[PDB]
Q: 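The structure that follows is given in the form of structure tokens.
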Amino acid sequence: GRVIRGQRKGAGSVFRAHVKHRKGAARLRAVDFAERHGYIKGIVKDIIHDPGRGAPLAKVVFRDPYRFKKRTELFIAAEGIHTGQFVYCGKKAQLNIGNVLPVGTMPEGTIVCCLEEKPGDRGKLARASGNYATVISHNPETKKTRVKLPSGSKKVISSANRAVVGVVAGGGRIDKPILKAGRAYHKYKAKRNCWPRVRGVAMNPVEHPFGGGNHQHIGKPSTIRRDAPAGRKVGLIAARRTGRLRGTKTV
RNA sequence: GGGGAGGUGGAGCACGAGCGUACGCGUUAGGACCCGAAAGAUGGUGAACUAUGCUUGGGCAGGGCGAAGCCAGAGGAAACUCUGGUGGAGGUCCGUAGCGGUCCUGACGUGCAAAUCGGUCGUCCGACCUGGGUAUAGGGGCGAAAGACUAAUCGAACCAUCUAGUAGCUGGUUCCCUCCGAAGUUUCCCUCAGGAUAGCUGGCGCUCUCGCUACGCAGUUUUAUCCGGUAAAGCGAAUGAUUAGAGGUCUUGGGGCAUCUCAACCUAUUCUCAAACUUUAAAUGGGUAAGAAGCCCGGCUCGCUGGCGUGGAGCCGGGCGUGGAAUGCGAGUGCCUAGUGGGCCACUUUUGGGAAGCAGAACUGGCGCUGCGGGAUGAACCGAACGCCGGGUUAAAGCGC
RNA sequence: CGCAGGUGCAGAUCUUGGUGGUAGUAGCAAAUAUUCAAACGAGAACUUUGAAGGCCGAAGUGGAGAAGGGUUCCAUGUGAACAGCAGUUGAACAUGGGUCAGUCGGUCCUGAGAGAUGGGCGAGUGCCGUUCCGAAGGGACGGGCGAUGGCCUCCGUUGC
RNA sequence: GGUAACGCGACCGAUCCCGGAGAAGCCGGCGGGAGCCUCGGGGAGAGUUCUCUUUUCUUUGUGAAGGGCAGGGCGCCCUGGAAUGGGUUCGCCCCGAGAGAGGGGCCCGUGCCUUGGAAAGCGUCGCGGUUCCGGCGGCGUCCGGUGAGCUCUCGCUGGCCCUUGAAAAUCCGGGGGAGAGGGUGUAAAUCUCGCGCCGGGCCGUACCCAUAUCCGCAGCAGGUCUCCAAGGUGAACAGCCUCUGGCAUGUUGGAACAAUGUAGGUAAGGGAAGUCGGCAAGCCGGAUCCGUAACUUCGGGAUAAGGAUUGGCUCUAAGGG
RNA sequence: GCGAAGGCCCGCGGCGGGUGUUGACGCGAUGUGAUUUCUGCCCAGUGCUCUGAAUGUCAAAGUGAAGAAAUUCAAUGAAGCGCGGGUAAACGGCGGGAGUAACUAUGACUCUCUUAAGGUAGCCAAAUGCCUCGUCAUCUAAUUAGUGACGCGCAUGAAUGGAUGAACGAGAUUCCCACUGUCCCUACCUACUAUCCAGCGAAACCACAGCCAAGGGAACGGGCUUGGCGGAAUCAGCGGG
RNA sequence: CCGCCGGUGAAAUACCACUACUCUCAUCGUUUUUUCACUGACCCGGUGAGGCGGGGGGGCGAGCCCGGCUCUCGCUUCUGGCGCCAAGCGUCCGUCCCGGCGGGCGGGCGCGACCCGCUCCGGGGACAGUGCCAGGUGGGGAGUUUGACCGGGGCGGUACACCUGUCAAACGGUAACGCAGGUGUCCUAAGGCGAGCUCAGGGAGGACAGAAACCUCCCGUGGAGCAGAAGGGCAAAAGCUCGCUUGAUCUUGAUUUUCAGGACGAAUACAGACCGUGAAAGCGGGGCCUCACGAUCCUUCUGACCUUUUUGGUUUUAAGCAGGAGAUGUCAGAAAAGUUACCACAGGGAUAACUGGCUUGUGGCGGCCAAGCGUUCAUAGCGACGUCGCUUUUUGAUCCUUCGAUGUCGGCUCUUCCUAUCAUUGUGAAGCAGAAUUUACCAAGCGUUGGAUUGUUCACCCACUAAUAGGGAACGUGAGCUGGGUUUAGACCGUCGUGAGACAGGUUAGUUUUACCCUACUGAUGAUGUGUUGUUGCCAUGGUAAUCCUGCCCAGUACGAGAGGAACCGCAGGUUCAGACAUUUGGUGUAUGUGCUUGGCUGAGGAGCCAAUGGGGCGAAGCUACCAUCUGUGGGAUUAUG
């Protein structure tokens, strides 16, 4: 047989991301002396739209503490921030929507977004529109903090991780039905070449394990093991269960 | 460590025949008699078509419907409703340019054209059409998915090489005359369109034999002597099959009523039968013998056998040619060996099948390999087989034209 | 007389070349259309001029460009071959000639992307990689410290 | 200099820092300007005149770059304080965060006049030399009106997007004030102001751009990216006829008018009886006025279905600046 | 499925690449296919997936023992299988056999077998029904066609999606009005051919060739046998050979 | 007294030392493991590697003790401003000036801006990761395979290795997917020997006892048994019952069967050993005889005072020699699943799917006999039980022709032929009164229709009709059409399959090429001859054509009880076909004839033109329609019959 559609994606030729009109990597500022000990004041200059990304981005201008120059950062816009607002980054920053604070100084129940997975990153978790993480508890002896992620999972991170107070702007985007093949087309024209999805049962057996037959049927169980080769791992990969759920399933 | 006797296994010995060289034929390994695959592999070249993503440009009359928002009026008691305008939404409708390609299964169909032409058709603000520039390259790409497209090539492109790839399969295989002359059958084989094997053929010889100025043999008969269970015949003979009367009677029999008839059994007869039945039993078959390798005398050897001068076998001398049926004929023997290993027809016999110019056997002859006279014509029938000719005569068949 | 062959063809839908019958046959039928007179000329249905009749009917059968072509452009001459009839004609053949820029483009900039060095990988030609594992500046206001040249009291050029 | 918006011909200044321009989608609706078309007159030339037509046809300029003035736009300024709310657009929309009213400021100015400029170009009437003199000369190149008209362009203002519609060279403005200049000369540093002097090298440039210069073996009914775009009819870049321009019927002609064919028509009376099947053809068709069902996701179905009218000529009424 | 020392994937190779200028309202992998109304039962089988291990099997390496060593033996012995779990909008599957309600025919309520459940709601001679042109009705004069019904349905059936349904369709089908050369049944007209001429000028194909009947023959002859017969050179058509 | 002597302690015990199955405690013992911490290898992230860890010093405070002691903190949180390139101090210079110090001019350094400490900061970390080996999983990928025979292949069978009877034609041999059957074993005896008996069945008797219990006599040629199927063989046997045994053992050759006169299997006579049995002669090296089985290579066991183990020697190991065993059943012995409708190549008429040819079971159509049917009566008309044929418009059977191709179902169109005759002409017979009908003869001249459904042939119905007969011609006819069906590639459903995919099931869409050659045929010129040429004519020979029905009258007549109900002559017409023809009606119409009319154009009128025939009305001539009209015929010899 020939290599299959999922295999062809990793080559990254026609399936690469469309990044011509994107505004840059949305991320926090690099940790420094001011954010480690006190705070630093920046100003929101514009709220801009990033193609392929539902969440709006905020352009925040800071002032360099070592030479005469103004810095420009691209943040994930917490819902509520506005142009002309002053945002504060540091361990002494107050608990306000839009500020960047270590999760250790945050109280329990605080809602955060653009959370660092490991200290010194620039925001890695809870970055999509309408998403947030919650601080559950701290452990000042080991300098660890538990956080609930938007998937429902629970994670122990370092308390020096930083985050933005609030939720990511643009929530409810999935509530409106797309309603149109064309609107789906325009949605993925800004992201990557993945949208019009042909079914494997509609293919020939040479391009998919589910192809062929005089009827349009899978012919073999669609639940596949984790160790299956690349051209075989199609269907439901390592499914712990199948069918309609009755309740909430979590680890 | 070396000897003996008696059996068996050896490509051995037993007064060498080989080596070198040339030629011919045969079997192979090699391109391997010549031409022929579908494939496989290794390195390369293509996205000037087309598929998809990206960058930068360009393009899309005129009409219909009339979403939201806004204005005014009428209400009603209010609720809120109704009316007339304005407005210009939409993967909205008609329909140009453009893009596409339904039906006529129209034209053309050695065309204008290796896919075009006409009328009629679908869409025509969108998932729209399009130029250039870019990216993805062959078990790879790309695919709103047809195994589609990837330079008229796609169920793995094209180029060169490995490569004169292999082929039990198809086609072809070049001068003359002379002589000899087949097989389609046996056994083994993933053997059934092929081989190996025996058989049939040819060539080279060789060992002898007869005769003039016989070593022996035979697709024949006869004379002796065995072998057989087919044709026939048989069932008052065995095993099976089977028809009808008759004469008797024990009846763990029945029926109609002291019973009496049936049935049963027995006995003697009677009709009809057998590839897998038989007492009997042909015709045509098959084997052996018809002398000198025989016959008859005398002696010797033996470890075998043994009452014995026994028996059996072997060996050494001697004698006997009326050459011990007919007919015909010169025999024996070695090496090498090609083609063939699809058969078919007829008298008789014969299996399956209603049968067949059907399928399968036996014997002999024939066609195939073969022409000639006759059957008008015809592979096989009847007659007869062939160097080039003259005379004569026939066969089978004929003699109205 | 001997020696040695790439030594004899009717076939192989054999190979190369040549030639027939078909056959003066099929055909020279897509988009309405030509006529009169004259000129040159050996020669005119087809060239040129004039006069008529028609067509494209501005999303043209018009006027200009991009690709691509490469002299096909222009003048003169020829009528051998070619332009599937002719031809006095041609995008044919021959002889000459023709493309002039500071202000129109290229040239410059980056885009999608392509691609070296450092580094890494790799038997290897090489490949991955484009900021990532680099001591990646060769410049400049200005100041100072010296040489040098000038319309040299002074200024400028050149090294640290 | 101006209360201000900003203005004037210049109006010093480095490292450094901030910003702007280059630099942004598609669709709709209005308005301004130009080109084209149109209408009424005046010139010059031409056509028709059998009868009429004071007619019909052609033609009737002012480049860039400066200067001035219209005109368009403005979330620019000053006075002032609005409800009995007012202003205003086709739509909207705007106002105590300052409406209306009045007065200013700026930007664009492709329009008009002007320098260029009539000396040139065109039209027409004549006179020369000789193949060419940009020969010479006379007269003219005028005055108006219209518009949802078409095209281009400049603006304003909206709609749509889970789509938000490049980057870099290059150029400019501002913040700061390290520095420089001269002591009162008729002076200095400095000047993005006016004029004057010198230079701008290399490559491309002819022509075809397609029913004959390109690809399809060819002068091949195929294919191949764009720009400009008159009159009439009419909704129209539809189809039909015409002007500017172009052409010679698409690699030949003459004669005839047979069959069969290809393409285009018509047909009495029936009206799908043909055929697998109404295939093919035919019916209907535009606009105006009426009238429109089942069903329905309430949007539609819908040009449902069905009916009437439609020419020419002569009038009337209404709709504006 | 995945919280990034990750999921999916590329690559001969480098903690090299794509998604990713990304972070669960995201990326990747599948199935079904608007809206409406529903989506029944089965985890035995095959997959996928979780850990309790009572824990059995279980290589290399390591450990110990015997022998002079090569060797041999023993214990130990990871994942996987086994073992117990989930799970069908995973692949799929959804039967009979009995026991029986006052004419029948039909026949709930009870129990059992394989290999777990026995086909629920709906729907149907359907694009799915062999028998079959099923039976009834309607459509016509006449209907193997159409439609509506019926239910033991060879072999319907519920995201291998069931049922339905406005709007839409160069999709398949039946009937009706209108209209007609589709037809009865053909005819006439027009242009371009074909035609003839001047000029130019191919190709396919070709053992030899070319009149029949019967015969026999490789069983359907142009040739052979026996009969019928046979007269130069050609033109336009034609489709038997 | 503790003590075997005492449950007559099953020995069980005082005295002693050992180990035996379990538990616990430990070991500076051995090894293997689990957890926590460290950093330094190794990894990840951030940054322009910009302030890390301690010690401070002063200031902001909080507490505590009577100035300390401990701790905190690092100067920025109303405004959509500004922020760098040091101020200020404290010192050191001038080759510089003006009065050692001062002033001016130009400079330097330190603090402002603390010191020290080894990794820039943070997060992991001896894990992850990498290299090498080992086990699992792995159609993601690669390579390959997927028997043969066969009245085509497949499905089915095994006729593939063996045995019995028959075929088989009286030696032997002899084929078919011929017939009837058996085999892949079974046996320590069912092998070997000896002895002694006689079996199946039947008759007659005997308590329970009977058709079958056991006892006795008699008859018994085997009619029983001998294990496997069948055939042969066998009676003081080879059968039954006992007794003893292992000749079913160890060896070398020869031979038979199949056969090539290789092998294997099986078998036959000997020979040399060692044994069994019996008194002995003898018999016995498996089964009474003909079936019951297996190469090389590899493995495994057994045998020898065996041979090699590579410089020699000893010992393990290994190799060899000989005989058994582990197996190939496709049985002379490869290691092996499917699909292809997306397909490919070499071939085959050695072989299927058409026609044709043989055959005719089946289909269809006839005939003979006569049991019955027909009120009566075998035969008007039929015809049982039987029996003989014909035909090739059914389907089979076969495989001769064609696989370097003979285009394939049906319909449409068109011609000709056959008769086994539906009608019509002429007849014969009847259970023929008339009418209607049935049976048969000559006979194929003429005719045999319009439609609904279906792709259909076939069928069925509706309706006319004289009748609505059956067939052939390569199952006539595709360079004649059509393409509905069947028969490619797209797609859907059901069932089957794990799947790829299959369906002799349904459904929908799906390119129909070439004639100009020869002949045939249709027409058209022409040809040889009569000296040339023309006119008028004759005829050989070939073709051939007419067909059927109404109404009136006969006549409400014959016939018949009635009901009903004809026919010949004659008259008037019509159907189908054929040959012509336009006077008339209709069609056509570009006479481009004459009006009308739209758009445009020639200045307008008049007159015209263009729009591939602009459109439309009416139209001459011509052509043409059962859509008008006209015409269509006589004898001869005879068939069946009388």
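Letters A, B, ... mirror the listed sequences (proteins, then strands); counts begin at 1. Computation of the quantities below employed the complete heavy-atom set of this structure, encompassing side-chain atoms and omitting hydrogens, waters and symmetry-equivalent molecules.
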Q: For the neighbouring pair F:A200 and F:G201, do the six-membered rings of their bases satisfy both conditions, a centre distance under 5.5 Å and a plane angle under 30°?
A: yes
Q: In whole Å, what is the span from the CD1 atom of A:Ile224 to the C1' atom of E:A29?
A: 12 Å
Q: Less than 6.0 angstrom from the centroid, inside 45 degrees of the normal: does A:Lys41 satisfy that with respect to the ring of A:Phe86?
A: yes
Q: Can you see if the side chain of A:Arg240 gets near the phosphate of E:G1 - specifically, an N or O under 4.0 Å from OP1 or OP2?
A: yes
Q: Sort out the partner of E:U87 for me: Watson-Crick or G-U wobble, both distances under 3.5 Å, none otherwise.
A: E:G47
Q: Please say which of A:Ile97, A:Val164, A:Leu125 ends up in a side chain to side chain contact (heavy atoms under 4.5 Å, CB included) with A:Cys113.
A: A:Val164
Q: Which base, if any, makes a Watson-Crick or G-U wobble pair with F:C342, both distances under 3.5 Å?
A: none
Q: For the side chain of A:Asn204, counting heavy atoms from C-beta on, which of E:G18, E:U30, B:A146 is nearest?
A: B:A146
Q: Go ahead and name the base partner of E:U76; Watson-Crick or wobble counts if both distances stay under 3.5 Å, otherwise write none.
A: none
Q: Could you tell me if E:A218 and E:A219 satisfy the stacking criterion of six-membered ring centres under 5.5 Å apart and ring planes within an angle under 30°?
A: no
Q: Partner lookup for F:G556, please. Criteria are Watson-Crick or G-U wobble with both distances under 3.5 angstrom; report none if nothing qualifies.
A: none
Q: Check for me whether A:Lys92 meets the cation-pi criterion with A:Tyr39, that is, NZ or CZ under 6.0 Å from the six-membered ring centre and within 45 degrees of the ring axis.
A: no
Q: Walking along RNA chain D from 5' to 3', note the first and the last nucleotide with an atom under 4.0 Å from a heavy atom of chain A, and give both.
A: D:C17 to D:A166
Q: Base of F:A502, side chain of A:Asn214 - is there a donor-acceptor contact under 3.5 Å?
A: yes
Q: Does the sign of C1'-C2'-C3'-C4' make the C:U49 sugar north or south?
A: north
Q: Syn versus anti for F:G172, judged by chi lying within 90° of 0?
A: anti
Q: Base of E:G3, side chain of A:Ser151 - is there a donor-acceptor contact under 3.5 Å?
A: yes
Q: Could you tell me whether E:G14 is syn or anti, where syn means a glycosidic angle within 90 degrees of zero?
A: syn
Q: Which ones in residues 92-130 of chain A lie close to RNA chain E, meaning a heavy atom under 4.0 Å from one of its atoms?
A: A:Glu117, A:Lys118, A:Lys124, A:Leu125, A:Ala126, A:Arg127, A:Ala128, A:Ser129, A:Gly130
Q: So, OP1 or OP2 of B:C142: does either fall under 4.0 Å of a side-chain N or O from A:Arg5?
A: no
Q: Quick check for you: among F:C121, E:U160, F:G81, whose closest atom lies nearest to any side-chain atom of A:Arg36?
A: F:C121
Q: Can we call D:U51 and F:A604 a base pair, counting Watson-Crick and G-U wobble only and needing both distances under 3.5 Å?
A: yes
Q: Looking at B:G234, which nucleotide sits across from it as a Watson-Crick or G-U wobble partner, both distances under 3.5 angstrom, or is there none?
A: B:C277
Q: Any chance the side chains of A:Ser158 and A:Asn161 put a donor and an acceptor closer than 3.5 Å?
A: no
Q: On the side chain of A:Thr223, is there an atom forming a donor-acceptor pair with the base of E:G47 - under 3.5 Å, no angle test?
A: yes
Q: Identify, between A:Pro229 and A:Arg173, the residue whose nearest nucleotide on RNA chain E lies closer to the 5' end.
A: A:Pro229
Q: A:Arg197 side chain N/O closer than 4.0 Å to the phosphate oxygens (OP1, OP2) of E:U30?
A: yes
Q: Would you tell me if any nitrogen or oxygen in the side chain of A:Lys233 comes within less than 4.0 Å of OP1 or OP2 on E:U30?
A: no
Q: Could you tell me whether the phosphate oxygens of B:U56, OP1 or OP2, come under 4.0 Å of any side-chain nitrogen or oxygen in A:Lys20?
A: yes
Q: Can you tell me if the side-chain N/O atoms of A:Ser13 get under 4.0 Å from OP1 or OP2 in B:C142?
A: yes
Q: Which nucleotide, B:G143, E:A90, E:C27, lies nearest any side-chain atom of A:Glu207?
A: B:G143
Q: Check whether A:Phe62 forms a cation-pi arrangement with A:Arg29 (NZ or CZ under 6.0 Å from the six-membered ring centre, at most 45° off the ring normal).
A: yes
Q: Measure from the side-chain heavy atoms of A:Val14 and tell me the nearest of B:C142, E:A89, B:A145.
A: B:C142
Q: Taking for each residue the nucleotide of RNA chain E with the nearest heavy atom, is it A:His18 or A:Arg232 whose nucleotide lies nearer the 5' end?
A: A:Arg232
Q: Quick one: is E:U22 close enough that its OP1 or OP2 comes under 4.0 Å of any side-chain N or O from A:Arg192?
A: no
Q: What is the distance from OH of A:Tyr185 to P of B:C125, rounded to the nearest Å?
A: 17 Å
Q: Closest to the A:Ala238 side chain: E:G1, E:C91, E:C10?
A: E:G1
Q: Below 4.0 angstrom, which residues in residues 46-72 of chain A have at least one non-hydrogen atom near RNA chain E?
A: A:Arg53
Q: Could you tell me whether F:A405 is syn or anti, where syn means a glycosidic angle within 90 degrees of zero?
A: syn
Q: Does D:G231 sit syn or anti, given that only angles within 90° of 0 count as syn?
A: anti
Q: In the strands shown, is D:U288 matched to any nucleotide by a Watson-Crick or G-U wobble pair with both distances under 3.5 Å, and which?
A: D:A308
Q: Look at the side chain of A:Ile43 and decide which nucleotide, out of E:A89, F:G80, E:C10, has an atom nearest to it.
A: F:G80
Q: Under 4.0 Å: is that the gap between some side-chain N or O of A:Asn131 and OP1 or OP2 of E:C25?
A: yes
Q: Can you see if the side chain of A:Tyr88 gets near the phosphate of F:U76 - specifically, an N or O under 4.0 Å from OP1 or OP2?
A: no
Q: With centres under 5.5 Å and planes under 30°, do A:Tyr39 and F:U77 count as stacked?
A: no
Q: Using OP1 and OP2 only, check whether a side-chain N or O of A:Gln216 sits under 4.0 Å from E:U160.
A: no
Q: OP1 or OP2 of E:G92 sitting under 4.0 Å from any side-chain N/O of A:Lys220?
A: no
Q: What's the NZ-P distance between A:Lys249 and E:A89, to the nearest Å?
A: 14 Å
Q: Which heavy-atom pair separates A:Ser129 from A:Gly54 by the least distance, and what is that distance?
A: CB-C, 4.1 Å
Q: Give a yes or no on whether a donor-acceptor pair under 3.5 Å exists between the nucleobase atoms of E:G33, that is its base, and the side chain of A:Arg199.
A: yes
Q: Calculate the interatomic distance between A:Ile4 atom CD1 and B:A156 atom P; express it in whole Å.
A: 21 Å
Q: In whole angstrom, give the distance that lies between atom CG of A:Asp227 and atom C1' of E:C8.
A: 15 Å
Q: With syn defined as a glycosidic torsion within 90 degrees of 0 and anti otherwise, which applies to D:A236?
A: syn
Q: Given atom CZ of A:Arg2 and atom P of B:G138, what is their separation to the nearest angstrom?
A: 14 Å
Q: Would you say a side-chain N or O of A:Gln7 is under 4.0 Å from OP1 or OP2 of E:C9?
A: no
Q: Write down the partner of E:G240 under the Watson-Crick or G-U wobble criteria, each distance required to be under 3.5 Å.
A: F:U519
Q: In whole Å, measure the gap between the P atoms of B:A361 and B:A331 for me.
A: 38 Å
Q: Can you tell me how far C1' of F:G48 sits from CZ of A:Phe33, to the nearest Å?
A: 18 Å
Q: Should A:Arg8 be listed as having a side-chain N or O under 4.0 Å from OP1 or OP2 of B:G143?
A: yes
Q: Counting only Watson-Crick pairs (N1-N3 plus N6-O4 or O6-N4) and G-U wobbles (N1-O2, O6-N3), all under 3.5 Å, who is the partner of C:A75?
A: C:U95
Q: What integer distance in Å separates A:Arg22:CZ from C:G111:P?
A: 18 Å
Q: With a 4.0 Å limit, can you tell me whether A:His215 has a side-chain N or O closer than that to the phosphate oxygens OP1/OP2 of F:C493?
A: yes
